[PDB]
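As a starting point, one isolated chain is supplied in structure tokens, in the form deposited in one PDB entry.
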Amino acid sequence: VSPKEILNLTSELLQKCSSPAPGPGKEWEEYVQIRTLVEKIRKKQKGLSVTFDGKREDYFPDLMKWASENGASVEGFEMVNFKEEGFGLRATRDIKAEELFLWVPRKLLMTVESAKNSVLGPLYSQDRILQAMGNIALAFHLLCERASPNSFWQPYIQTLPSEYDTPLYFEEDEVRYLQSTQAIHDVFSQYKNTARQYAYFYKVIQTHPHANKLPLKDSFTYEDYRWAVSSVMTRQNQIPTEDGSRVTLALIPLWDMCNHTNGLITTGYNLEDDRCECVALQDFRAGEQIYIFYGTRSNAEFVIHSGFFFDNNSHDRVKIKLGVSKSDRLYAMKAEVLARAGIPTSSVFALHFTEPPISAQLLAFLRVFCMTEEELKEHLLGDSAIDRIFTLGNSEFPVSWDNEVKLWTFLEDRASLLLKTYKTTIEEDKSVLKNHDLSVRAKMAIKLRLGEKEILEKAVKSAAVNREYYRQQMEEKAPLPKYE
């Protein structure tokens, strides 16, 4: 394979992935077209440019020694390859809830700042994508240090995974399970973004003199870039800068071996000692795996950005796009009430797997969406108008019983309609999971599409229950609650 052939293929890939969106009905065909080009390039390349002789666990002692010399906690835990989560930390002593058991000084981190000060610095100061997008900058920082045998961060890089379960690694038929879902468009975008960025930077590295001393000048494969962005998206963190006035992105060694469980965030940055600090989420007996709570992300976010599906995710949600129509004769009034309430005229809201499934902001939007002209005027005019807007997000103070019956009827109908846009039913998804033997990645996709429908179905039932509750208040002429 000549370098001119790869240059021809990456030029074609850049042009294909820089074209505008071909329309939502053409995105699957575009996706498969892009996959075909990427796979042709990948097949003509030698995988990861830099591979290490040892096994992943052969390098954990160097990680501990390296972290210890720079002031990190290295006692009380060990690395174990767990079946469910991959490698993680296991307690070697009893750890009490709220005990500070893990700390990582800033010097160990890989940050956008350390990327600026590295061999990548010259190209960083030149390229507008690197300057605007710290996550991509971290990805190239990781690659350049990976290919630098004397890098300060070699003990960390050598213990990183070599593969991930982000959708970038899925087979075409594994992604195909996501057809008709909300999530597959983000899968499409991630794939197109990653391919465009690889082709763009492949050419930029060839043309810019600032990249002449980078190891990537000698070898930069698609596998390199997919590994690097997947490393960053599944592990990156937001921390304050050294002076505390700005935020930056960072990879945090040792601590980022912790796997996820439900709970609360117990990891914070200590600016005074300039180190990341993690206190125990719960009691961990010796021999138990040490977990942290990553954050309140949905399973669609965990799958796409974190590479895993979390069963019993108590923060799971789906999107629902809503807006006041310009054909509404009350558009002007509704738009004004929403603007005074700090809510856009049209937006992408969330439905949660909870009761209620809607936030204060979505409740406020739905109330205004269904207001009569007389109700709208009471939220626009006179000495009580601002008090009325103040309570719009509060379930305990409806605008009127009729307003509630209308909004919950609408939400019931909209969520029912959304359910009817999926290729499969909830019962069919459960049968697939019960009667087929599937890979992990395939299970992630099917459970994702099942999860979207289960959230919608629960919203339908919740809206139906709320409709009957408020229709009873209406028929019984109950006094309307007054905030006082």
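From 1 onward, residues are counted along the sequence shown. Rigid core (definition): largest C-alpha set, two forms, superposition within 1.5 Å.
The same protein also has a form deposited in another entry, omitted here; what follows describes it.
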property: Out of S125, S180, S162, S384, the residue that alone shifts its CA by 2 Å or more between the shown form and the other one when the rigid core is the reference; result: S384
property: Exceeds or equals 2 Å, Cα of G295 between the shown form and the other one, core fit; result: no
property: Did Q282 shift 2 Å or more between the shown form and the other one, C-alpha, core superposed; result: yes
property: Is_shifted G263 between the shown form and the other one (CA, 2 Å cut-off, rigid core); result: yes
property: Change in CA distance between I455 and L264 in the other entry, which is 3 Å or more, as closer or farther; result: farther
property: Note on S439-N435 C-alpha separation in the other entry, which departs from the shown form by 3 angstroms or more; result: closer
